[PDB]
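Below: the structure, in structure tokens.
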Amino acid sequence: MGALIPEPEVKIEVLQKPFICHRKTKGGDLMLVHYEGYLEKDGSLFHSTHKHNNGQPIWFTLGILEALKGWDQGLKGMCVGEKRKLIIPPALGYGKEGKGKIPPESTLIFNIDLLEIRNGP
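For the sequence shown, the deposited numbering begins at 18 and goes up steadily by one.
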């Protein structure tokens, strides 16, 4: 019974949220983020800015399917200084194909810290 199968959806946990919030992310915003990505099955790290990007954060454009679908679903309405944990099912991650350090059908965990927001083009 297909009718009882829900659409894949990210679980969002807010790990840290500052008292201050001047601005929340919206579609087209540039987000400066640190992240750590883990495999849910064993908790092992597969990619992080800290380890795989020489300790440097990266820019991500929200809401244009620039990266994982789960990122677009999980990073809206976020303020600078906020840290979220996303549990991303494979259909919103790397799917049946997987990639590189990610096997097919992997559930993923991302801890993502928002450092800065800028206007997008």
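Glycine is no exception: its CB is placed at the ideal position from the N, C-alpha and C atoms.
For this session: Would you list the one or two residues that DSSP bridges to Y55?
Result: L62, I126
Exercise. For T78, which residues of its own chain have a beta-carbon under 8 Å away from its beta-carbon, when the five flanking residues on both sides are left out?
Worked result: Counting only residues of its own chain and dropping the five nearest sequence neighbours on each side, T78 has a CB closer than 8 Å to the CB of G45, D46, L47, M48, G137.
For this session: Quick one: residues in its chain with C-beta nearer than 8 Å to the C-beta of residue 141, no 5 flanking neighbours on either side, listed in chain order?
Result: Here the chain has residues from 18 to 138 only, and residue 141 is not among them.
Exercise. Who are the Cβ neighbours of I129 in its own chain at under 6 Å, not counting the five residues just before and after it?
Worked result: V50, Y52, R101
Problem set entry | Contact belief for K41 with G94 at Cβ below 8 Å, rounded distance in angstroms | 5 Å
Problem set entry | Cβ separation of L132 and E99, assumed to be a contact under 8 Å, to the nearest whole Å | In fact, because the Cβ distance is near 10 Å, the residues do not count as touching under 8 Å.
For this session: Put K86 into one of helix, strand or coil per three-state DSSP.
Result: helix
Exercise. Would the beta-carbon of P120 fall within 8 Å of that of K113?
Worked result: no
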